[PDB]
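In structure tokens, one chain follows: the form deposited in one PDB entry.
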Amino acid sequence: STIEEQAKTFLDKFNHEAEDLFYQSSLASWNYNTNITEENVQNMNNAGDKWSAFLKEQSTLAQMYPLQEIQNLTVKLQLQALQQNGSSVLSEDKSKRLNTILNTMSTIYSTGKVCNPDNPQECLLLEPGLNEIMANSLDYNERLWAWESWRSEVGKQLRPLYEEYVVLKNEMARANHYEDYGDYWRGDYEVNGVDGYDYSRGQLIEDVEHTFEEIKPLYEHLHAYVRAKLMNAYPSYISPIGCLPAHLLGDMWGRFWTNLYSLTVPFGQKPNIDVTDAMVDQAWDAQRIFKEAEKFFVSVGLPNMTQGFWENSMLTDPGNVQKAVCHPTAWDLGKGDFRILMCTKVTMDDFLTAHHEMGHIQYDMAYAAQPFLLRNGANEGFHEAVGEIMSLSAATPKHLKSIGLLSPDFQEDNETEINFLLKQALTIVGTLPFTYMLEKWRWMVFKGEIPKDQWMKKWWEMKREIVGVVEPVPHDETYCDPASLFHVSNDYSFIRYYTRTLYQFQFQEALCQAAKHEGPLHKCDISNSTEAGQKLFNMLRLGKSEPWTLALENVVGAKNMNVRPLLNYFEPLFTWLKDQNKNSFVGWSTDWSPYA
């Protein structure tokens, strides 16, 4: 028997063994997340530890089949994914040091506290304490105190750990034959050996930068309009030509500009579409909300939810003393077990979240027939892109009128359309320079292009130049402001939020064209379009079995990430912004700072 035939048999044993071991761990994890007890924490760890130990053993055994002697690509994909050394290419000592470093950075982030001056007992955590300030406060000094204290007390603790974390991560990556840890992260987009669909790791840098250039005009005008509105609210704190102060952006980092809507809303006398009152007026409950979401996917030709979904999910807060982790999550436990965990309230937000979360379930169900290791999104940005387009359609006035929640006597006027697009842009567009700039900095640090004694100097140079945001207090190299965001101190790649954002409008535009939608893209509802559902399903069932370039082409007809649908979605706002900014300065000088 050949090496390939041995690998097929080896993967055969792995799939059947992993399926049950993963199920045991998912089940234990579920019981803790819905019913928080000490016994459930231990059972979650024991099942989780066995699964991790199983993966470590099977990874070593997989490495004894060299990829060079395998021609069947679907075998090579599974073999390669299992074979990845990860941290296990380092010595046990280095591996142990790195794991200690990761846990300490995580613990500092989630337990880091800040106490107000003159009361060392009045202390706030990031969640909910500091986040409440950064999302709701209009007072300049309170916001500045929260922004600086978080970075000066918690960020400074992370600085030495992050320096050592980079060194060990780079050693791990170079031992795995990558250029550095950033090149390792970019490997999620790599495709080899499929003519016409290949994609190199370095090509991601070029494609992110190329598409970001086309985003700059829309962002510049979004930045200029926001700066003008804030300058009306804070005339003594904002320069008409300068960057936006970093603590005046709606959250701790300015990752999203969502919470600037109240001070920037174009037409403040036209109210939002808030369909919550109609839901309560009709006595909707959680089961109705998820039944409606199920009805939505069925209308495009996707299957209804399984019986186990309704029996085993937790669609409401359990309440009295059984405590649960209420963050909305879609669970693929394996063995045909699909569940949603969500503490649903009767609100429009949770109504849209259910469609989003059920979108994940539809994705999970569609690639269930794939081999275990290929049961995932085509790349790191696919799954979240699938979830986002579901809430795009479900939120439109057209869809809310067809399910009886929005009055037929509500008609769209262009002022509510500008209000909605501006609110969307604050979240969706505002995060794109933030996400690209943050990942560029980490890429350059891992690459070795930023020396340690210039980490924060470069971090704020790039914030000013690329994001148009300026720090309100000078920060020397004892700070580690990037690590003050969860994803950096918890070792998660970040470009996924950039690529997913472009993917979702590529998906939505393609699906809406299949749905024969007439009018602006942002008013599209793919409901009742089996043609759209079929086009999406053709990619969903692929899982990870095909190159992500091919999976994308199944939906949109193109092999690569494309920014044009994103600009098509926001075009009505773009023309309105350009007219608004006619007597404003557009762009920013980087040398102005609030500390003069």
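Heads up: residue numbers just count along the shown sequence, starting at 1. Here the rigid core means the biggest group of C-alpha atoms that line up within 1.5 Å when the two forms are laid on top of each other.
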- Task: Higher average CA B factor in the deposited record is what I'm after, so tell me if that's 331-339 or 318-326.
- Result: 318-326
- Task: State which stretch shows the higher mean Cα B factor in the entry: 36-44 or 543-551.
- Result: 36-44
- Looking at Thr478, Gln370, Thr211, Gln307, which has the biggest Cα B factor in the entry? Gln307
- Query: Between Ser149, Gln513, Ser391, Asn490, which carries the biggest CA temperature factor in the record?
  - Reply: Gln513
- Item | For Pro433, the third of its chain into which the C-alpha B factor falls | lowest
- Classify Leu567 as lowest, middle or highest third according to the C-alpha B-factor given in the PDB entry, relative to its own chain. lowest
- Taking the C-alpha B-factors as the PDB entry records them, is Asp413 in the lowest, middle or highest third of its chain? highest
- Message: Is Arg496 in the lowest, middle or highest third of its chain when residues are ranked by C-alpha B-factor?
- Response: lowest
- Mind checking which third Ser239 falls in for C-alpha B-factor across the chain? lowest
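FYI, the form deposited in another entry isn't displayed, but the following is about it.
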- Item | Displaced position between the shown form and the other one, chosen from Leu400, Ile450, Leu144, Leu102 (C-alpha, 2 Å or more, rigid core) | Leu400
- Item | Core-aligned CA displacement of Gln24 at least 2 Å between the shown form and the other one | yes
- Taking the rigid core as reference, does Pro66 move its C-alpha 2 Å or further between the shown form and the other one? yes
- Task: Please check if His327 moves between the shown form and the other one, taking a CA shift of 2 Å or more relative to the superposed core as movement.
- Result: yes
- Any idea whether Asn72 and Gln203 get closer or farther by CA distance in that other deposited form, knowing it moves 3 angstroms or more? farther
- Message: At a change of 3 Å or more, would you call the C-alpha separation of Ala395 and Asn259 in that other deposited form closer or farther than in the form supplied?
- Response: closer
